[PDB]
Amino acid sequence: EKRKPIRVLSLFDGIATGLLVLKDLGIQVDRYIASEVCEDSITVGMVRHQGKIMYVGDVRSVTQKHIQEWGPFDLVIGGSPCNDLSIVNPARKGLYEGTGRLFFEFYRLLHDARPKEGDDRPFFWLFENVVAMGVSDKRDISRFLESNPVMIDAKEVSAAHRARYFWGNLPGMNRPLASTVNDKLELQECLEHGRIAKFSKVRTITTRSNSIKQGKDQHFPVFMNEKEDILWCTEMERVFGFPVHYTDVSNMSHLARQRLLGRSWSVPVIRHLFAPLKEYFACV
């Protein structure tokens, strides 16, 4: 008969990982409306997707009237900032202050985008955040989303540890994650020529440069001509699953690019969650 292209709302879009995954699965995208305010983030998406993304600015500026006119939407995705939720921050302000309360902007627009009761059309959503959050912050997110999360660690389909919580209703969200023949499961497969990896998998890559270092004692994960080195941006992109040089835009330093990668999603993980969608919407 007729499948239709997918209409997507992505809150806290970052570097447009959602759109990247939808394209490479072959799902035709009708609309991709993104909420984001980091100008380095917006530049990556604007460049890497040639103007397809409709940027709408601060998530707090989005009204229900905006969701009505921009919609209807088939997929709502997002991952609000975690710098006030993760225990790694001794000065975290919690879920109800700082940037933590930005989660409620997701919960708000998710409700605004749901089809009116009496409608049966497919509607999917996905919310991600960190596992290393307070036990009551996790409880409050689950009661506001009325769902418990699934824990997926990127280490089973990538070369990096990245334990993340996922709330949503995508088909098969809880099914076992199987590595496919296109996954690079070990650090060696993501290095540039002539470089040798010490470890098979790296610990979690955050925005900070320390996170590349292994253990309490600093540790360099790569050997290059008998000398220790850190990971390069290029190698970190492949660890995450992006196309190499995906973030090489706007004269960004290696720390600026790491800041973008450190906040984003593991691509093969998102690839596994979005894969049953290609039965619901038009293909390439």
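The first residue of the sequence shown is number 1, and the count goes up from there.
Colleague: Look over 224-232 and 24-32 in the entry and identify the one with the greater average Cα temperature factor.
Modeller: The stretch with the larger average C-alpha B-factor is 224-232.
Colleague: Please compare 170-178 with 131-139 and name the stretch with the higher mean C-alpha B-factor in the deposited structure.
Modeller: Result: 170-178.
Colleague: Between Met151, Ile212, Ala154, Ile77, which carries the biggest CA temperature factor in the record?
Modeller: That would be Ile212.
Colleague: What third of the chain does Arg162 rank in for C-alpha temperature factor, lowest, middle or highest?
Modeller: Within its chain, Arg162 is a lowest-third residue by C-alpha B-factor, going by the deposited values.
Colleague: Tell me, lowest, middle or highest third: where does the Cα B factor of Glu69 rank within its chain?
Modeller: For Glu69, whose C-alpha B-factor we compare with every modelled residue in the chain, the answer is the highest third.
Colleague: Among the modelled residues of its chain, does the C-alpha B-factor of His219 lie in the lowest, middle or highest third?
Modeller: Ranked within chain, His219 CA B lands in the highest tercile.
Colleague: Looking at the entry's B-factor column for C-alpha atoms only, identify whether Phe199 ranks in the lowest, middle or highest third of its chain.
Modeller: Within its chain, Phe199 is a highest-third residue by C-alpha B-factor, going by the deposited values.
Colleague: Just say lowest, middle or highest third for the CA B-factor of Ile6 relative to the other modelled residues in its chain.
Modeller: Ranked within chain, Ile6 CA B lands in the middle tercile.
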